[PDB]
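Undergrad: Residue numbers (the deposited numbering): 3 to 714, 719 to 765, 774 to 1011, 1030 to 1050, 1059 to 1244, 1249 to 1367. Positions of the beta carbon are idealized from the N, C-alpha and C atoms, including for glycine. One structure coming up, written as structure tokens, with questions to follow.
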Amino acid sequence: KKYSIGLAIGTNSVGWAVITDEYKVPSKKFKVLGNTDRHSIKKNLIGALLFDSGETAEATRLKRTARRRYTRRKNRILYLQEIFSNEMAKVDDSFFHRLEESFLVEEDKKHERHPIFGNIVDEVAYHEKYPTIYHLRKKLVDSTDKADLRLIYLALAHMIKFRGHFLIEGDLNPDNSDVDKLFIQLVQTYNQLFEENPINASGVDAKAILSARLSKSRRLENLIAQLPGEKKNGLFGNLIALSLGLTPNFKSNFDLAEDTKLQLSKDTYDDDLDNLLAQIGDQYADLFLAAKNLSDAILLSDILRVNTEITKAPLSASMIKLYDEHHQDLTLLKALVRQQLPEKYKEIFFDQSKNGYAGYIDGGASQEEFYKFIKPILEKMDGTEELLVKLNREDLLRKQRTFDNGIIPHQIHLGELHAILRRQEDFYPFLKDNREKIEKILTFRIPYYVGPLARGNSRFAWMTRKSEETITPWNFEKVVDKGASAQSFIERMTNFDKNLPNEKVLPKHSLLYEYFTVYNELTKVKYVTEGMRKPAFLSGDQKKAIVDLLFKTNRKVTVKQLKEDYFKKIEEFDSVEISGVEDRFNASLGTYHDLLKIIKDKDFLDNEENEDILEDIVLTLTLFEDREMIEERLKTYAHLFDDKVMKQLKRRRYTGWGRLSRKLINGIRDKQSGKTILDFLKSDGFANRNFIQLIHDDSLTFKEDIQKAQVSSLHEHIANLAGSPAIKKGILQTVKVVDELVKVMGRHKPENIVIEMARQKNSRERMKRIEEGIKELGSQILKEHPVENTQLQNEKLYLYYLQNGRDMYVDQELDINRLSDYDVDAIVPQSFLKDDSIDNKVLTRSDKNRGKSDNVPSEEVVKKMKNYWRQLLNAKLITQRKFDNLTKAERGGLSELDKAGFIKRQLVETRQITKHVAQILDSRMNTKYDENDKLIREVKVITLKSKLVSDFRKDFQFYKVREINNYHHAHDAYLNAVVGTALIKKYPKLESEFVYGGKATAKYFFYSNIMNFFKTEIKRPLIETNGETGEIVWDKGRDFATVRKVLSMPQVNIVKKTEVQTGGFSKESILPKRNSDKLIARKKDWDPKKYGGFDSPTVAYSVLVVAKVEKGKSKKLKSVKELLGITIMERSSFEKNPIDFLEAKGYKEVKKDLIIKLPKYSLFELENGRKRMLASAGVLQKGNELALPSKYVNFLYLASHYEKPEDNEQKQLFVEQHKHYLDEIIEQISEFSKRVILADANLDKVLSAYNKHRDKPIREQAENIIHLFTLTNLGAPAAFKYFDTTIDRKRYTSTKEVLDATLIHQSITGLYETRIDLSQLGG
RNA sequence: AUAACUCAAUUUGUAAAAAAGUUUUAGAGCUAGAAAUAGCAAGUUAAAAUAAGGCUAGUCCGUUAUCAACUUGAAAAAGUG
DNA sequence: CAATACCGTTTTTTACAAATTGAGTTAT
DNA sequence: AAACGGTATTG
């Protein structure tokens, strides 16, 4: 009767198992529906659902936002053409049409094929005169002549279409007129102060050096080499760093506290410089106001590098510089190939397949791939000197439109747009009148805090209209309510107070929130001095004075400040011992001081009468980050403040939200006392009750008034947990298998459910970690030992680099060729913490350098290495967490309680995600109440970590080999049920920890020995029992036999979740034209034989069609049965009307009643038990699991790791004994592969390989057998190696055989099947 | 197990922007040759598209999540061994 | 028909909220 | 980032 369920919850599977009293897995007879002659079947109640990962919403979002970018850029051009429409119609009334049809081949074009002037002589003339658009852009900026309107339009349209970035705020004029002197205005402002060590400027060419072909980083070095007696990280070299753009320490420059890096482009900087200047005095911001005055020209230099006082179009002129240089260098490279290498010219200048010029210009070859190719050639010939200077500088044969124009800000483009408009407005009255309109098309940008400009058909939209009517760059302010919209952008994402759930949380930085924060910490500080019996609470008055004197004067108050500045001076004690605060108060009045600095007067802060004004100011400063909108919402308090001060508040932005509301903190009243929570936190007699105390006090009304304010789908519930969509898919399925297992078990609930649930890009972030950390350390280790990204995925090499080539425990340089002789020691030993992260790993010469094994590293070490752990910490080359764990011995180290804590974590699952899954299953199984209206827990939900079954597997030789088949998930769920239920039968004490719903030494020994009742020796007995109840928990000499027998059962229900495919219509590669039915038109009228198009559409699902086709001149109707793949693009027109769709495909007399949907993984059974899974309309997958006997699984396990005491005698002697298990396994793979795989040629290749490698070691043959299973695995054929032989995938490239096979519709567990024979439909 | 605070690190979800890439056309190829083909010249730029599309017609929406079969249901889901 | 092999859009920036993990403080 | 279905090309 009684039973339990076991579950193993992964991202790609749910393992499940039903067990009874004696840890047995029952079997039953299940109906078999359908049209076959089998009416029923025996099944074991063990199984696994397999499924493809749920994906994140990201890909979908980056597509969505780019789509919106595309539609808006189109609108940008359509705004400009609409302005030009009238006057364009008088110059050339087909001009906008010829442009829209530029894509179409001549035979589909309505107008003459030359787009700009609609004839060949004028178009050839345009290109000879304006080889690039930048040549035209410069001309229209500088020239004063009336221009052709078409030419005007094309220059503005290109600037509006490719308009650059919105990263810099406000206005940009090119100033490169005085980099030869701005530099020497700052050499003199710095040479007045440091008049006792003056810098020889020697009219040195700063114009060149700072702003060369080369970088910023280097360009500093090269300037400071040209200055005798100046450390390149000295005060002038530090300033000069900034004037480029880098963050120096500035710390030793002036010998202060911590590090005072700046950055002239960050907004922090106006306000930040007086953080350094309010240390060294206002007398030194003429050395920074001469170092902003060059922070300009250095900004623009790397793009522009053309004298700006001879063109208002420095950008286009720079582009023309690349065009001319490209022209010269190529006529030269051509001469120098002809005179010195002429046999190669065709390859370099005609062959597109090869990454020469032909490849660069007309093939698929990149600037990098081109440069890589001809460096050999260009140096394998003299004369090519100055050409190679450029190749190394990435200045050689540059295109104008390239990866690096990313840096160009929209303000540069706007400069030329403005210029051109000022020129031609003199001739074109419409341009003068619409100059501001046009400039606005380039400039306008929907604010991120407004979002889609929707009309309540966008699930993503939130913006509000003042006016129902079309939004435009021009009417935007008058029609969008930017304020309402900026607020919703935040409010629609923010929390409500969990205790008063209709009240919204306060801004984290609210003065009231911070008062709450401080008083809560402060009302539990307790002190003791001279002749006081015990330590006591602070009082009301005491807290007021401590708040008033200390908290309202310094960001941090320290325990020292509370001893020396308070108790010493007002309470007059010589020594005071305080408890509840260590070092400094976590809470602080951050906003109080921020606001004191900007509004001078403290009486205004301290005056309660105007608390509401002050809360609304910070709410404004939190809600918005647009200083305009701040200023607009702040000007209502401009009556109560100076001019100077509104310019300072306008700047004081804040970020973050509380967990609590104003109402809860300081509105709601204890009925009795009439006091708010904050009221109590300020003064609560001699009780000094906490926030969380007051919430839970029966003596007070807060507990029930909160109860009053409280308020009450599965799919919804799950999808709204915090966790990876991948793991959320596993969760929903496990809930659906549990629901099925209850139905099969007669709607009877289980006794218990035992869940356990598993734990270039990686290599580009690491390289970023490495580069930035060494830059911060200033270490030449990279020049000494250079590294490609992808070899930093070696754990020893990455740790070597993150350690600056040093032993992390000794202060000795590590030799980079000896990593082999070096240990990777865990910081917290693995014996306590199962963490394989870089966060708890370190590289050392000898692991023993750490100190003793049984703790965190030695104080001796910590003492000697510390200053070194904090260089790496300040460099991001370790995290605070690694740092805190390295140093821990100086704070005492690992307490016996700490160690016991960790041994518990290894067995007790604490992750919030797995707890919710338990809670869901508890709430769903336990729904019943008693006479007294108490919840009846009819079902215990039990949570294990994976270590328990992994240990139990290793400890009793129930080895998993993952790659034999999919059974191990099922197996794990079974072993969870048995270890689960057994464990709380032996120790009902542990329900505390495992069931939802000298004292450290004992705990420690207890949990590390908890699992001993399974073992016969450690002297303890066969039958094992519950002390109090006298229940049998484990027949140690029979219960292991039932576990061996269950794991041996060949018939385990494995189910691949069948799925309709969704996603991109096809691959995205826009292919060239080819004659081929495969190409898919990128638009209705673009025949892919003329225009190219898409390849490879995804089939959403396949559909069995029985119909007729026409054959012959005759069109005699011929019967067909086959699968047609319905593509994601097609699916919706196929569903609107199945018939019409198939009839358009060539089908007749379609039998509509035999159309079967066949989603991906649809399972078919053929001859001899052979099964196939549908991959697609014309591709199948391996649908069988190979049930290898357990004696072979174990042999493969141990064999494959001879790297395993007197226990390893029996282990290595079992392998050597049963070496003939090798042949017996090869034979099991071939009998399987011959009856079900049908890869005749691939089998011969594995057999020849096996027999050829027989004299090789057993270990090495077993590792290689484990590869051979990929031959046999369920799913898509895939390549594997045998030793050195590669066996390429034998693929199933037709679905015809399944048309006459048996379709098997499986329920989620596999227990219920509907079997269809398809030989019984096709006429 | 749970709440607030502090510090660090993660993960999820949203919006606003940028630069390329690719595709077709445009940018008169020249000269010998009956042609097959052979010499030389040339190249850096632009337009337009960037899921087909959709109706709600917005400067919106269009790749996430959810899916055995049978009956019921627009669906969500429920009933069926 | 089978064996064989090739291919696959990419980078970057700004603004924000939430939950989570894990080292501290105070509590239910 | 592979993995593995689309595609062509080869007899």
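#1: If residue 751 sits next to residue 5, beta carbons under 8 Å apart, how far is it from one beta carbon to the other, in whole angstroms?
#2: Rounded to the nearest angstrom, what separates residue 903 and residue 838 at their Cα positions?
#3: Within a Cβ cutoff of 7 Å, which residues of the same chain sit near residue 298, ignoring the five residues on either side of it in sequence?
#4: When burial is assigned at 16 or more other CB atoms within 10 Å of the CB, is residue 1338 buried or exposed?
#5: Tell me, to the nearest whole angstrom, how far the beta carbon of residue 286 is from that of residue 279; I am working on the premise that it is less than 8 Å.
#6: Between the Cα of residue 316 and the Cα atoms of 136, 901 and 1340, which residue gives the shortest distance?
#7: What three-state label does DSSP hand residue 1163 in the structure shown?
#8: Per DSSP, what kind of secondary structure is residue 763 in: helix, strand or coil?
#9: Kindly provide the ranges of any alpha helix (DSSP H) runs that are 4 or more residues long and lie completely inside the region 605-630, ordered along the chain.
#10: Let me make sure I understand the geometry here. Which of 1214, 776, 23 and 692 has the alpha-carbon closest to that of residue 521?
#11: Short of 7 Å in beta carbon distance, which residues of its chain neighbour residue 44, apart from the five on each side in sequence? Order them along the chain.
#12: Compute the distance between the beta-carbons of residue 1302 and residue 1263, then report whether it is under 8 Å.
#13: Terminal residues of the continuous beta strand (DSSP E) containing residue 1065?
#14: Rounded to whole angstroms, what is the Cα-Cα separation between residue 329 and residue 142?
#15: Out of 408, 118, 737 and 99, state which residue places its alpha-carbon closest to the alpha-carbon of residue 769.
#16: Which two residues bound the contiguous alpha helix (DSSP H) that contains residue 912?
#17: In the DSSP assignment, find the unbroken beta strand (DSSP E) run with residue 1150 in it and report its ends.
#18: For residue 1107, count the other beta carbons within 10 Å of its own beta carbon; 16 or more makes it buried, fewer makes it exposed. Which is it?
#19: To which residues does DSSP link residue 46 through a beta bridge?
#20: Please list the terminal residues of the continuous beta strand (DSSP E) segment that includes residue 718.
#21: Mind checking whether residue 338 and residue 385 have CB atoms under 8 Å apart?
#22: Who are the near neighbours of residue 14 in its chain, counting only those whose CB is closer than 7 Å to its CB and skipping five residues on each side?
#23: Go to residue 988, then tell me how far its alpha helix (DSSP H) extends in each direction, as first and last residue.
#24: Between which two residues does the alpha helix (DSSP H) carrying residue 781 extend?
#25: How many Å lie between residue 1226 and residue 1141 at the Cα?
#26: Output the distance between the C-alpha atoms of residue 106 and residue 120, rounded to the nearest integer angstrom.
#27: Cβ of residue 900 within 7 Å of any heavy atom in the ligand FMN?
#28: Taking the alpha carbon of residue 319 as the reference point, which residue from 1276, 132, 370 and 470 has its own alpha carbon closest?
#29: Label residue 1100 either buried or exposed according to how many other C-beta atoms from any shown protein chain fall within 10 Å of its C-beta, with 16 as the threshold for buried.
#30: Please go through the same chain and pick out, in chain order, the residues whose beta-carbon is closer than 7 Å to the beta-carbon of residue 343, but skip the five residues on each side of it.
#31: Thinking C-alpha only, which one of 1128, 1260, 432 and 1346 is nearest residue 1207?
#32: Could you pull out every residue in the same chain whose Cβ sits closer than 7 Å to the Cβ of residue 1330, ignoring the five residues on either side in sequence?
#33: Can you look up residue 818 in the DSSP assignment and give me helix, strand or coil?
#34: Please report how far the alpha carbon of residue 265 lies from the alpha carbon of residue 60, in whole angstroms.
#35: What separation, rounded to the nearest whole angstrom, lies between the Cα atoms of residue 878 and residue 824?
#36: Could you name the residues of the same chain whose beta carbon sits closer than 6 Å to that of residue 1128, not counting the 5 residues immediately before and after it, in chain order?
TA: On the basis of the data shown:
#1: Your numbering for residue 751 matches position 745 in the first sequence. Your numbering for residue 5 matches position 3 in the first sequence. So it is a contact: roughly 6 Å between Cβ atoms.
#2: Residue numbering aside, residue 903 sits at position 889 when the first sequence is read from its first letter. Residue numbering aside, residue 838 sits at position 824 when the first sequence is read from its first letter. Near 20 Å, if we compare the C-alpha coordinates of residue 838 and residue 903.
#3: As a position in the first sequence, residue 298 is number 296, starting the count at 1. Around residue 298: 177.
#4: To locate residue 1338, count along the first sequence from 1; it is residue 1294. With fewer than 16 other Cβ atoms within 10 Å, it is exposed.
#5: On the first sequence, residue 286 is found 284 positions in, with the first residue counted as 1. On the first sequence, residue 279 is found 277 positions in, with the first residue counted as 1. Going by Cβ atoms, the distance from residue 286 to residue 279 rounds to 6 Å, so yes, they are a contact pair.
#6: In the first sequence, residue 316 corresponds to position 314, counting from 1. Measuring from the Cα of residue 316, the nearest candidate turns out to be 136.
#7: Working through the first sequence from its first residue, we reach residue 1163 at position 1123. Strand.
#8: Position 757 of the first sequence, counted from the start, is the residue given in the question as residue 763. In this structure, residue 763 counts as strand in the three-state DSSP scheme.
#9: 613-625
#10: Against the first sequence, residue 521 aligns to sequence position 519. Answer by Cα proximity: 692.
#11: As a working mapping, residue 44 is identified with position 42 in the first sequence. Closer than 7 Å at the Cβ level, and outside the excluded window around residue 44, lie 29 and 31.
#12: Taking the first residue of the first sequence as 1, we reach residue 1302 at position 1258. Taking the first residue of the first sequence as 1, we reach residue 1263 at position 1219. Result yes, Cβ atoms of residue 1302 and residue 1263 sit closer than 8 Å.
#13: Numbered from its first residue, the first sequence carries residue 1065 at position 1025. Note, residue 1065: beta strand (DSSP E), 1063-1065.
#14: Position 327 of the first sequence holds residue 329. Position 140 of the first sequence holds residue 142. Each residue's Cα considered, the two are about 23 Å apart.
#15: Any question about the placement of residue 769 has no answer from these coordinates, since the chain jumps from 765 to 774.
#16: Within the first sequence, numbered from 1, the residue matching residue 912 stands at position 898. Taken as a continuous stretch (DSSP letters only), the alpha helix (DSSP H) holding residue 912 covers 910-919.
#17: Working through the first sequence from its first residue, we reach residue 1150 at position 1110. That run of the beta strand (DSSP E) goes 1139-1151.
#18: Taking the first residue of the first sequence as 1, we reach residue 1107 at position 1067. So residue 1107 counts as exposed.
#19: If you number the first sequence from 1, residue 46 lands on position 44. Beta-bridge pairing links residue 46 to 29.
#20: Residue numbering in the chain breaks between 714 and 719, and residue 718 falls inside that break, so it has no position here.
#21: Locating residue 338 in the first sequence gives position 336, where the first residue counts as 1. Locating residue 385 in the first sequence gives position 383, where the first residue counts as 1. Yes; because the gap between Cβ atoms is below 8 Å, this pair is in contact.
#22: What you label residue 14 is simply residue 12 of the first sequence in a count that begins at 1. So the list reads 52, 53 and 55, once near-sequence residues are dropped.
#23: Residue mapping note: residue 988 aligns to position 974 of the first sequence, counting from 1. Segment 981-1000, the alpha helix (DSSP H) holding residue 988.
#24: Locating residue 781 in the first sequence gives position 767, counting from the first residue. Unbroken alpha helix (DSSP H) run through residue 781: 776-791.
#25: Locating residue 1226 in the first sequence gives position 1186, where the first residue counts as 1. Locating residue 1141 in the first sequence gives position 1101, where the first residue counts as 1. Cα to Cα, the separation comes out at about 28 Å.
#26: Here residue 106 is taken as the residue at index 104 of the first sequence, counted from 1. Here residue 120 is taken as the residue at index 118 of the first sequence, counted from 1. About 15 Å.
#27: The ligand FMN is not part of the structure shown, which contains no ligands of any sort.
#28: Here residue 319 refers to the residue found at position 317 of the first sequence. Nearest option by C-alpha distance: 132.
#29: The residue given as residue 1100 occupies position 1060 in the first sequence. With fewer than 16 Cβ atoms within 10 Å of its Cβ, residue 1100 is classed as exposed.
#30: As a position in the first sequence, residue 343 is number 341, starting the count at 1. Contacts found: 379 and 383.
#31: Position 1167 of the first sequence, counted from the first residue, corresponds to residue 1207. Out of 1128, 1260, 432 and 1346, 1346 has the C-alpha closest to the C-alpha of residue 1207.
#32: Translated into the one-based positions of the first sequence, residue 1330 becomes position 1286. Closer than 7 Å at Cβ, skipping near neighbours: 1323.
#33: Taking the first residue of the first sequence as position 1, residue 818 is located at position 804. Residue 818 falls in the coil class under three-state DSSP.
#34: What you label residue 265 is simply residue 263 of the first sequence in a count that begins at 1. What you label residue 60 is simply residue 58 of the first sequence in a count that begins at 1. If I take the Cα positions, the gap works out to 32 Å.
#35: Position 864 of the first sequence, counted from the start, is the residue given in the question as residue 878. Position 810 of the first sequence, counted from the start, is the residue given in the question as residue 824. Cα-Cα distance, rounded: 8 Å.
#36: Working through the first sequence from its first residue, we reach residue 1128 at position 1088. Hits under 6 Å: 1119 and 1121.
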